[PDB]
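This document starts with one chain, in the form deposited without this ligand, laid out as structure tokens.
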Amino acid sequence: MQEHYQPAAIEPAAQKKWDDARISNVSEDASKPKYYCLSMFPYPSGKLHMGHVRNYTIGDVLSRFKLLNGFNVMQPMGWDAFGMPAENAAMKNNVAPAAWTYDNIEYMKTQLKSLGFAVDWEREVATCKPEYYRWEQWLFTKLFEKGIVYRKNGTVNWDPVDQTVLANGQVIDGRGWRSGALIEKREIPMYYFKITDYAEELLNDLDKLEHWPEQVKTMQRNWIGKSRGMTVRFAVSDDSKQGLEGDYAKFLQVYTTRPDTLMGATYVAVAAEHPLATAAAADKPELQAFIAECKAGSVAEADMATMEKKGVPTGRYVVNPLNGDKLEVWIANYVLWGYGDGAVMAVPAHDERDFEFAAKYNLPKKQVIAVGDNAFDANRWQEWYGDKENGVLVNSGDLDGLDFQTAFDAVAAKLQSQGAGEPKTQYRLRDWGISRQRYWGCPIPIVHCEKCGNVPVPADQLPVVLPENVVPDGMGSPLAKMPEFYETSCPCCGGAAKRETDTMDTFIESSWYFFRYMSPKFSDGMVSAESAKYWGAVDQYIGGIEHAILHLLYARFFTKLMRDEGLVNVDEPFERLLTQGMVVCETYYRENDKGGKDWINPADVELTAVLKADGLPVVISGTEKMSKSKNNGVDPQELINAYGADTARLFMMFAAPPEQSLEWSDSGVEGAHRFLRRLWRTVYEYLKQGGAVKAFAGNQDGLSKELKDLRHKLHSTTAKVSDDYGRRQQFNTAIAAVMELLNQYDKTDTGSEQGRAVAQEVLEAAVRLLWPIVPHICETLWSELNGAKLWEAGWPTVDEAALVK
């Protein structure tokens, strides 16, 4: 055994030792309990960043910990290969997105292997290979025949300069974020997943997830947005029926979740596309300009509530069905066409959104709810205004004295007898649009025939192979310009027909990759029935915060879809969720000659804070998440080249808990490396003074007071580490517990015979307790202390007797 810790000399050897033993290559062995530990598979952007290393080290700790406890652990790895970054790099470097992707995959796979992750590489998948996406095309055709996937027209943002479709997040003040040209609203036929049919099932099944974070389940409930309310019809006044046709000339229909406050309605609001808005705007240019501004808006629902609410009066009036009040109709910008009736009622006294709207335009506020002896202030909103639980009705005539649910049914009874309303359940959830006007994505298995319509590609002719010999030019997506691709024959009649040129949303690949890992080479279905039965569902999921709501919802949707097709048996894909915190770092900038700032990477600077090149001082700015925005990203390959994989893994797990943000620190990295030097020195000095012995075990009566205390600290540390790994999922404190154990070991005389046995017992446990964190040095140190296989010795057991005083 060498005297000095040198990770470059032991880490390649430890990996080949695990590779030859094939401890990470697992099968459906019924003689062992299974454990599926899944980390979110990376996008092949070119090289790993710090978020990758932290995510997959967290997953490797939980995987190696469960492996030492006898579990048959599957920890797979793949590549979320589709996306736009390959197209943009293709337009910059003039290469093909496929070749650019496959090279990034090979390089990043070498980096992941160098980190020593216990990964079953025989289950590796790449979503851009036809061997993978052929099965999401298959499920598309099956759900298309059933109607779960359908085709309808939708509105998109067209950039006429870049000749591409943009999302609302890429539109700023009505212009494209790159071209700066005014976007155009176009209606094109697209494909949709009828996810609203599974809304009740997606909402109720959240109760089965006993181990999910309550805030994550709450975000799923809000996005689905189930509400039990009331449909209410306000009769249009005789002096406001001009220009209206059909039912819109008779009544204005609205939906409300607070029918107990129907007596407190002071005005109604309609969307810009509502027929009442169209009729009143026929002779009013202000209303026409307001309607045009609402239609030209490009607000994302993540910023919908942050939008300033605006409205215009119409001069048209409707009649409240309960008290007969005449209420003026307003055109509001927050009322969305397609959401319910496209019209709402307004109660400013018990809805803060209506309170701010009425206070702006000085609209009346009528109180109809009372909570105790609390005073009602018409010029200041209070939280109890919207209380549905402890409220009682006032200023409501016959409805006075009733609570929420009694007034709900009583209002329902009054409206149904008049034929002016009935209860209704609504959902904020929209259907899932999957059509993307991009090249680098999974093709849509639809052929357009003028005599047969939109016919699905039969299962024999799948996949619809995306051509890889394509270099995007920018002026339009390539698929719509390649007749050699879209010109084909109709699979129903054999006549001339055109393939679908749009590609699928990349969320589709991530909605079922956890099932493909179970049988990645299965060619008769999405997943074999044998492997799905054994592995069941993912026991532990580790990923980031980005797009968590949509990804989880889509993955839970695909699970129930595949279950209904008879492919899987579970109702939920993920039993446990661990979302890691971001990695932040300090930023550095030097002021410009044009009134700006140029941001410098931390690798090109040294703290005296001075630039590393010209030696001119550079401003050290604030800390934020590593990104190419302010050039603050630290390459983990430089961290591995300098200290090794074990130091990188240890610093990640020790600097902060997994959920908390990790702040980059050069001193913290050195401290992790010095501890690995200390651990190597401890084992080396122990073996230099006599070599290994048999670890102490059994009855400890007769040991000295000093040696009994060390065994107490030892088996107390083992209990604390097991709780940190298996329950708390707090790996930083577990490293601190082992450090305290080594501290007391240093202060203890282990020179006696039984003292050497206690020392052997202490060291054999410490290297096994840190094996999930730093497996390379622990495997190397374990072979010096004991001749058995580390994974066969298992997780260290707690000696209960070593705790009785």
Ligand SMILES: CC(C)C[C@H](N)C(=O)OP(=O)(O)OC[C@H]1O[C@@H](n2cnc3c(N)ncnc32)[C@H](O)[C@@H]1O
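Only the largest set of C-alpha atoms that superpose within 1.5 Å between the two forms is called the rigid core. Residue indices: 1-based, along the sequence shown.
What comes next is about the form solved in complex with this ligand, which is not displayed.
Interface residue remark: residue 67 is not counted as part of the site for this ligand in the deposited complex, having no heavy atom within 4.5 Å. None of the heavy atoms of residue 35 is located within 4.5 Å of this ligand in the deposited complex. The closest heavy atom approach of residue 547 to this ligand in the deposited complex falls within 4.5 Å.
Although the partner is absent from this view, residue 55 contacts this ligand in the deposited complex, with a non-hydrogen atom inside 4.5 angstroms.
For this ligand in the deposited complex, the listed stretch (736 to 744, 39 to 47, 775 to 783, 758 to 766) containing residues with heavy atoms inside 4.5 Å is 39 to 47. Here is the short version: of 223, 686, 541, 654, the single residue with a heavy atom within 4.5 Å of this ligand in the deposited complex is 541. Residue 625 is the only one of 708, 217, 625, 681 with a heavy atom lying within 4.5 Å of this ligand in the deposited complex. Along 508 to 530, these residues reach a heavy atom to within 4.5 Å of this ligand in the deposited complex: 510, 513. Measuring CA movement between this form and the one not shown with the rigid core aligned, the set 587, 540, 114, 506 has one residue at 2 Å or more: 587. Once both forms are overlaid on the rigid core, the distance between the two CA positions of residue 290 between this form and the one not shown is 2 angstroms or more. Core-superposed comparison between this form and the one not shown: CA of residue 630 displaced by 2 Å or more. Once both forms are fitted on their core, a CA shift of 2 Å or more is seen for residue 361 between this form and the one not shown. In the deposited complex, the CA atoms of residue 629 and residue 79 come closer by at least 3 angstroms compared with the shown structure. Between residue 557 and residue 302, the Cα distance is greater in the deposited complex than in this structure, by no less than 3 angstroms.
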